[PDB]
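*Asks:* Count along the sequence shown from 1, then add 42; that gives the number in the entry's author numbering. Ideal Cβ positions, reconstructed from N, Cα and C, are used throughout, including at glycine.
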Amino acid sequence: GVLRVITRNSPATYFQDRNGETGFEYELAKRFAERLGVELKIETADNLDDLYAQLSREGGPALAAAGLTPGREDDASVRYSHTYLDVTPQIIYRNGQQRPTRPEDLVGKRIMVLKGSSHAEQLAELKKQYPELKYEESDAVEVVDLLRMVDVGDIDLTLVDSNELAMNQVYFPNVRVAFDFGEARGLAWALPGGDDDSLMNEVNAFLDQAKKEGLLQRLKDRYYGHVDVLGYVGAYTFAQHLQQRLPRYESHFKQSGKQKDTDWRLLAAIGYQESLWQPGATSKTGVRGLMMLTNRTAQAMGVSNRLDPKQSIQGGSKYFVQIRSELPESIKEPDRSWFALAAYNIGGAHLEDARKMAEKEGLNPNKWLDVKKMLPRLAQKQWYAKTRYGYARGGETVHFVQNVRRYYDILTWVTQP
Ligand SMILES: N[C@@H](CCC(=O)O)C(=O)O
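(1) Would you list the residues sitting across from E163 in a DSSP beta bridge?
(2) By the three-class DSSP mapping on this structure, what secondary structure does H124 have?
(3) Could you give the DSSP three-state label for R264: helix, strand or coil?
(4) Report yes if the C-beta distance between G276 and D128 is below 8 Å; otherwise report no.
(5) Is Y426 helix, strand or coil when you go by DSSP?
(6) Comparing alpha-carbon positions, which option in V44, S52 and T439 lies nearest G273?
(7) Since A87 sits in a beta bridge, which residues does DSSP pair it with?
(8) Name the two residues that bound the continuous beta strand (DSSP E) containing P234.
(9) Helix, strand or coil: which one does DSSP assign to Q139?
(10) Given that a residue counts as buried once 16 or more other Cβ atoms are within 10 Å of its Cβ, and exposed if not, what is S159?
(11) Let me check one thing: in DSSP terms, what residues is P131 bridge-paired to?
(12) Output needed for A400: all residues of its chain with C-beta closer than 6 Å, excluding positions within five of it in sequence on either side, in chain order.
(13) Give a single yes or no on whether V155 has its beta carbon closer than 7 Å to a heavy atom of ligand 1.
(14) Are the segment 309-319 and the segment 277-284 in contact at 8 Å, needing three or more beta carbon pairs?
(15) Measuring CB to CB, does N210 end up less than 8 Å from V186?
(16) Count the C-beta pairs between the segment 210-223 and the segment 137-153 that are closer than 8 Å, then say yes if the count reaches three, no if not.
(17) Name the DSSP bridge partner or partners of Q58?
(18) Look at the Cβ atom of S204, then the Cβ atom of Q132, and state whether they are nearer than 8 Å.
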């Protein structure tokens with residue numbers, strides 16, 4: 043009584059954050075496994091070629107959920123469910139470089155795509171029509187890698203499904219859609235063929251029902267797509283809010299500070315980066331209140347009302363100090379505080395991968411200046427594929443810690459002594 047779903051380890055799909063497992067596919071697979079009264083077991087594939095290999099052996103996974111494009115036709119050997127999400131392939135280029143207008147303008151550019159993907163096949167055929175088109179494909183990269191590579195200019199163009207872009211665009215300021223390339227199409231789950239429609243029919247029953255019940259559109263808004271974390275405000279705006287907001291809460295930050303033997307101004311910085319000192323702030327991610335705590339985490343810290351500024355401040359402060367208390371003793375202050383900010387955001391599991399990765403690189407797993415260099419690698423498959431817990435958006439962790447420290451510095455400077 044265990045549903046095995048194979049997927050890809052990636053932000054649009056499945057990954058681990060500080061609260062455990064998450065992702066569009068993962069949630070859809072879980073709400074489905076529950077509709078079957080079985081346990082969901084995730085298995086992840088290394089690349090797309092391997093996913094389909096795995097799906098087609100006997101004794102393999104039930105189905106594949108991985109934002110797969112059917113394309114197909116009638117290879118009965120692999121069969122597709124109804125679609126649960128409609129997308130469009132898009133050519134992506136780097137801002138301030140020659141924006142291609144037409145398929146012919148893909149000639150002369152360096153292009154990279156997932157090896158074994160629909161899009162590699164979309165380009166393969168375009169190469170008959172223009173034998174000068176050249177492109178590379180790789181198994182050691184995921185779409186998140188491709189966008190970074192354009193953003194940073196290591197490649198000119200790539201070709202990806204629009205949803206992957208909607209989720210990530212914001213983490214890549216320099217990238218821009220050049221044009222749609224192909225008709226809109228639907229994504230779907232993949233099952234092996236196929237003589238018993240036992241398994242297929244309910245999936246199709248599930249997806250059809252979950253479309254009219256709002257579940258698909260709910261998820262789509264949950265994930266696709268938005269900037270949780272980021273945003274250093276003006277020094278202007280912070281000075282503003284020092285006068286308009288902090289006076290309400292300074293009292294609570296101070297006492298929690300005292301209660302827990304920790305600098306109140308860092309607690310106050312966490313909260314500013316968190317919600318901008320807004321006790322009613324909330325996210326579609328399911329965090330809420332001044333210290334943007336999750337429900338499980340709030341209950342765990344004794345917070346019975348997430349919207350009460352005093353409670354959320356006390357519970358968030360409690361959460362931060364414990365995380366800082368649980369790090370390896372080998373990490374000393376002040377780095378220790380920075381690791382905890384790093385862990386507060388990305389989860390200790392991932393932070394741990396970073397330190398191992400840091401060690402193996404001959405760096406100091408105890409120096410925030412070093413591990414901080416490793417955290418961004420967790421969003422690079424060549425690297426995160428080699429870690430225990432896999433993908434993490436480590437660049438956003440770094441911004442988190444940085445930003446929080448920055449507010450902490452201004453606060454110190456103004457307080458006072
Ligand atoms: N097939 C990949 C995209 C491949 C590419 O970017 O070229 C996906 O599942 O989104």
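*Replies:* Considering the structure as presented:
(1) Position 121 of the sequence shown holds residue 163. When beta bridges are read from the DSSP output, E163 appears opposite no residue.
(2) Within the sequence shown, the letter at position 82 stands for residue 124. Strand.
(3) Locating residue 264 in the sequence shown gives position 222, where the first residue counts as 1. Here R264 sits in helix by DSSP.
(4) Here residue 276 is taken as the residue at index 234 of the sequence shown, counted from 1. Here residue 128 is taken as the residue at index 86 of the sequence shown, counted from 1. Contact flag unset, no.
(5) For the purposes of this step, residue 426 is identified with residue 384 of the sequence shown, where counting begins at 1. Here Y426 sits in helix by DSSP.
(6) Taking the sequence shown and counting its residues from 1, one reaches residue 273 at position 231. Ranking the options by Cα distance to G273, first place goes to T439.
(7) The sequence position of residue 87 within the sequence shown is 45, counting from 1. When beta bridges are read from the DSSP output, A87 appears opposite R50.
(8) Within the sequence shown, residue 234 is the residue found at index 192, counting from 1. Here the beta strand (DSSP E) through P234 covers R227 to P234.
(9) In the sequence shown, residue 139 corresponds to position 97, counting from 1. The three-state secondary structure of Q139, taken from DSSP, is coil.
(10) Here residue 159 refers to the residue found at position 117 when the sequence shown is read from its first residue. Buried.
(11) Position 89 of the sequence shown, counted from the start, is the residue given in the question as residue 131. DSSP lists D203 as the beta-bridge partner residues of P131.
(12) For this step, residue 400 is matched to residue 358 along the sequence shown. Excluding sequence neighbours, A400 sits near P407, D412, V413 and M416.
(13) In the sequence shown, counting from the first residue as 1, residue 155 sits at position 113. When distances are taken from the beta-carbon of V155 to the heavy atoms of ligand 1, the shortest one is below 7 Å.
(14) By the Cβ rule, the segment 309-319 counts as touching the segment 277-284, because three or more pairs are nearer than 8 Å.
(15) For the purposes of this step, residue 210 is taken as residue 168 along the sequence shown, with counting starting at 1. For the purposes of this step, residue 186 is taken as residue 144 along the sequence shown, with counting starting at 1. Yes, the Cβ-Cβ distance between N210 and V186 is below 8 Å.
(16) With the cut-off at 8 Å, the segment 210-223 and the segment 137-153 touch.
(17) By one-based count along the sequence shown, residue 58 stands at place 16. Bridge pairing for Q58: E63 [DSSP].
(18) Taking the first residue of the sequence shown as position 1, residue 204 is located at position 162. Taking the first residue of the sequence shown as position 1, residue 132 is located at position 90. Contact: yes.
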